[PDB]
């Protein structure tokens, strides 16, 4: 297969022509030639003027005084934010194209929502090497890579100051659209909403939703334990959950996502968001004493969706980016732009989001420490301390650095191995191919990748060729930005996926984005004034201080 070498540059589409030849489709690439590598004139001007992402990053993370001014000039701030959204979004094909089973456009690949979609097509089945033509005939042993490059010896804290509130928010939020269907395989998902539909609160199916709802005042079922609201049980709802046999029945909390009983940190956010829904129901009832249970429920969900997108953009990504420029959730920024209000979750987005180096060696709640053996699947811990103590504790506890290598806790070691193995089962192209796909220069050496001599040597001994290095391992050992949680590739590849999932949500479309959609101005304002602090403040006893970084 002549396309095995990935001849076509700059998004050119490769097509076999006979058995020994290929043809590159250069349509609207800005290039031409046999391999789409010759630039047209305006492309040359664009490339000459375009600053490197590391330069843009430097500028956005320095000159605080300058950004303080920009931030307070709405006209400028809006123009910048608008540019951030459209420029990054252009990197995503929407409607989607490839999946694990199709390296060419097909109706199956487009129409079948059970697949994760693909930013780069799978490597053809009949290639001389598993990645195309580069690297050895067999990839390095999964376990070797994990042990040599990814396994944590000494905990490395995040220099950006990310805390456990950030880590569990990341896990909680993303697990509404990262829902791998392992019955089928890693290529498939159970999140057919393909974005931020809050199914991890309300359930994927209507049947599950009905089990969780109270059908009074639009609210969700709950328990009152030690004076506070908690989610209901499997018994009361009949909504299935993943729990080991050890967990007693009355501790088997039931929420939207079946897996959120895994850790108390997830059950914390599930608890918090449950309280928010029922709180919003109270608000809306005051506004609409004439509304039935149905409209109260639905309208609350639309509000909580807006709250989610609001918080993610202006607190989560804000913290995550390190930018002094103040990000803004404002759908109106895009109303005069070309933009597709739809999304399909990319498998590569799932892969890059395996941020298990965030996880600590032990979890500190109040004044007690828990190892993984006793923290996992233990909801009594949650009842023992209550939500307030959890927020105060997690806000103070530092998370680990994601990039930089050797920071995956031994407890979730096999998870890292599974993330590598599943990439290969899904025929991912190389790390350098994904760099080029997102307009980054490919790395020329292993030492260039890590910015260091030790790991780069293990990399060379394992891979031999820099173009044979795989996506997921490379992301975690890549040289971090200066005092940053991530390296260049994580950000430039991840950001476009993220923004498409956030702004591509239906509520951001002009027909939806208006007061009447959310029950009037009061409801509309709950979205537009939402923050991670106000979320905690409204639903957590005592209204503790919280933030995505440690004080």
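Residue numbers count along the first chain shown, from 1.
Of the two segments, 486-494 and 64-72, the one listed with the higher mean B-factor is 64-72 (C-alpha atoms only). With 223-231 and 370-378 compared on mean CA B-factor from the PDB entry, the stretch scoring higher is 370-378. For the set 191, 185, 132, 157, the PDB entry assigns the largest Cα B-factor to 132. Across 144, 314, 293, 197, the greatest Cα temperature factor reported in the deposited entry is at 144. Annotation for residue 331: C-alpha temperature factor in the lowest third relative to the rest of the modelled chain, per the entry. Looking at the C-alpha B-factors along this chain, the one for residue 27 belongs to the lowest third. Residue-level temperature factors show residue 505 in the lowest third of its chain, judged at the C-alpha atom. Sorting the modelled residues of the chain by their CA temperature factor places residue 41 in the highest third. Among all modelled residues in its chain, residue 450 ranks in the highest third by Cα B-factor.
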